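If you're matching them up, the sequences are chains A and B in order.
Position one of the first sequence corresponds to residue 2 (UniProt numbering), numbered consecutively onward.
Position one of the second sequence corresponds to residue 2 (UniProt numbering), numbered consecutively onward.
This report refers to the structure that appears directly beneath it.
Number of protein chains: 2
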Amino acid sequence: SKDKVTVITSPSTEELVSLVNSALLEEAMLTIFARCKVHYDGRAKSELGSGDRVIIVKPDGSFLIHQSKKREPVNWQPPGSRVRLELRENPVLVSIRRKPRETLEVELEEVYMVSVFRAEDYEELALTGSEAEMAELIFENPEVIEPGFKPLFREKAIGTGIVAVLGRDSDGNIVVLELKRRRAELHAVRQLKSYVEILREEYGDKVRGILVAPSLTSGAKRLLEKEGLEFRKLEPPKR
Amino acid sequence: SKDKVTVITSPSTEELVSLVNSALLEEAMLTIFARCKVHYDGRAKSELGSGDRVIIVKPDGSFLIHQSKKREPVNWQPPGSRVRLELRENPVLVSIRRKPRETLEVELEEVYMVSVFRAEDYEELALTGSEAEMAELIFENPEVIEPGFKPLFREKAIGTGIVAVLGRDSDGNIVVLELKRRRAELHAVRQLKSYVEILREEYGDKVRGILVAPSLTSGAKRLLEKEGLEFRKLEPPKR
DNA sequence: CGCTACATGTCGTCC
DNA sequence: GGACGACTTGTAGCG
Ligand SMILES: [Mg+2]
Ligand SMILES: [Mg+2]
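Written out as structure tokens, the structure is:
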């Protein structure tokens, strides 16, 4: 029980309970391969008929059921649920949460494998090419937006909404930027347009919105043009 | 290669290679508990240092690296990626994707366990309490909105944007509905306000927007009132 | 906790 | 294929 991994194929009920319960109390990762039915009631409600899936219960409460396809678990519960194995006509893995109140029930018809992974990880993801990274590049070197641009505020509350960057231009105007790290879609324009209508109300018609992004969709460009907003092409930088 | 599950703890290199290549070829699920490093370059860029993780490869090319916390894999590749094992100074799992170009590299420093799960699942999820379900309700029972409300279109392309439900009211006004399955946000009122604007362009002052959802955030309420749009509290049905 | 907006979002789905 | 919007979205950042 200090070995990183413990594994049992075609486990007996005793062995199942032993590992399942040990991992939950040991703050370790539980992985299971089983034919199962799944029952979810919570924010929404779902039923999943009998079939083979991979099941993961992380020490933080995260509960995953993965089918042989997609990138998303077919069913899940997010970090913070309380999980318990429950012996019934079949074993039943049960995830409970109270805000919001949600129940996830996994019923194990046949467990092919149960396993305990006592995983030691002190390390964190270091990612670049984000919106945050664009915002940094614009404050270090405002030249990328345009000559004379002076950035002032990052993630600024206005009365309704939060603007990514608020600044001033060489004509002394108020400028709003909305940044997108990938091709900007319609809703980016709605955001930007919303912010700009709001500030025009205090500061006048001279306020400029600019959408900053590596490209636009057609609809983006269309609404951006209909509304008299602007576009500066900027790629998110990779450190 | 017949049994539903194969497990080899502390595999050797030939064992590792043998199992991984069987997995991929057989359209089984590959599961590896391992100490690894992860290198990602693609839409964005990252480096994950040495640590214990659960790696999954699904037969449709989904590639997941899970740490012992949260619901999201720390690194991942969506379906369609092409996976393979390469023998470098360490064995290295490699995920390539074209359109967009992405590389995901998982360097296996030490593999505690490796497993192949030849998994059979023919059943899909059946979910209720969605936005679709709300819309079906409104079409079966429009009086849930208001008496003398006639629905016409669902998920209808307006000039710019797609409206959720479009119809008329008893007084000859045009009615846009924006539906939400949970408490509505600023995002929701911006959507509504956009649609209502684009439709006033044509049919004039005869357009009403109605935001339909179980509740509203403060800001969404604030903004709703300001631009003079309306609200019907409605919960999605669970059937 | 509630609000706001990003994400390597992923995923269905209308033209 | 490109555009567009939902999702049990999850997740961080702030107040
Ligand atoms: Mg923003
Ligand atoms: Mg909508």
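All C-beta atoms in this analysis are idealised placements derived from N, C-alpha and C, irrespective of residue type, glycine included.
query	result
Do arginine 54/B and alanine 120/A have their C-beta atoms closer together than 8 Å?	yes
Taking 6 Å as the limit between beta carbons, can you name the residues of its chain near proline 60/B, skipping five residues before and five after?	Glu28
Does ligand 2 have a heavy atom nearer than 7 Å to the CB of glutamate 179/B?	yes
Which word fits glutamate 179/B, buried or exposed, when buried means at least 16 other C-beta atoms lie within 10 angstroms of its C-beta?	buried
Measure from the C-beta of residue 1/A to each C-beta in chain B and report whether the shortest distance is under 8 Å.	Outside the shown range of chain A (2 to 240) lies residue 1/A, about which nothing can therefore be said.
Threshold first: 3 residues or longer. Then list the beta strand (DSSP E) segments lying entirely within the segment 24 to 55 of chain A, N to C.	30 to 42
Which chain B residues sit within Cβ distance under 9 Å of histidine 40/A?	Simply none; closest approach about 11 Å.
Please identify the residue among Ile211/A, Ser82/A and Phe154/A whose C-alpha is closest to the C-alpha of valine 145/A.	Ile211/A
Consult DSSP for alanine 120/A and reduce its assignment to one of helix, strand or coil.	coil
Candidates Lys3/A, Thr10/A, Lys5/A and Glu132/A: which alpha carbon is nearest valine 6/B's?	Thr10/A
For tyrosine 196/A and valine 197/B, I'd like the C-alpha separation in whole angstroms.	18 Å
Measuring alpha carbon to alpha carbon, tell me which residue in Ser47/B, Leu138/B, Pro238/B and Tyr113/B is nearest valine 75/B.	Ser47/B
Give the secondary structure of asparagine 76/A by DSSP, where H, G and I count as helix, E and B as strand, and everything else as coil.	strand
Is the Cβ of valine 75/B closer than 8 Å to any Cβ of chain A?	yes
By the DSSP assignment, the beta strand (DSSP E) with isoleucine 66/B in it spans what residues?	64 to 67
Could you please give the first and the last residue of the uninterrupted alpha helix (DSSP H) stretch that includes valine 197/A?	187 to 204
Counting only beta-carbon atoms, is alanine 45/A nearer than 8 Å to chain B?	yes
State buried or exposed for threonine 14/B, treating a residue as buried only when at least 16 other CB atoms are found within 10 Å of its CB.	exposed
I'd like to know if the segment 87 to 107 of chain B and the segment 30 to 49 of chain B are in contact, where contact means that at least 3 CB-CB pairs between them fall below 8 Å.	yes
Can you name the residues of chain B whose CB is closer than 8 Å to the CB of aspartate 61/A?	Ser69, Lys70 and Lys71
May I have the straight-line CA-CA distance separating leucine 65/B from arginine 72/A, to the nearest angstrom?	8 Å
CB of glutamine 192/B to nearest heavy atom of ligand 2: below 7 Å?	yes
By the three-class DSSP mapping on this structure, what secondary structure does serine 2/A have?	coil
Would you give the residue range spanned by the beta strand (DSSP E) that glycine 168/A belongs to?	163 to 169
Starting from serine 219/A, follow the alpha helix (DSSP H) in both directions and report where the run begins and ends.	219 to 227
Rounded to a whole number of angstroms, what is the C-alpha to C-alpha distance between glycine 81/B and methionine 135/A?	29 Å
Tell me the rounded alpha-carbon separation between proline 238/A and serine 216/A.	15 Å
By the 10 Å Cβ neighbour count, where 16 or more other Cβ atoms means buried, how is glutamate 108/A classified, buried or exposed?	buried
Once DSSP output is grouped into helix, strand and coil, what is the label at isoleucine 57/B?	strand
Classify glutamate 110/A as helix, strand or coil using the three-state DSSP reduction.	strand
Determine the contact status of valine 208/A and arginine 233/A, defining contact as a CB-CB distance below 8 Å.	no
Can you tell me the Cα-Cα spacing of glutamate 226/A and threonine 161/B, whole angstroms?	12 Å
Beta-carbon of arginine 54/B versus every beta-carbon of chain A: anything under 8 Å?	yes
Identify, in the order they occur along the chain, each residue of the same chain with its Cβ nearer than 7 Å to the Cβ of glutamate 156/B, setting aside the five sequence neighbours on each side.	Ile163 and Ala165
So is the beta-carbon of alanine 165/A under 7 Å away from any non-hydrogen atom of ligand 1?	yes
If you follow the alpha helix (DSSP H) that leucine 88/A is in, where does it begin and where does it stop?	Element bounds for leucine 88/A: not the alpha helix (DSSP H) but the beta strand (DSSP E), 83 to 88.
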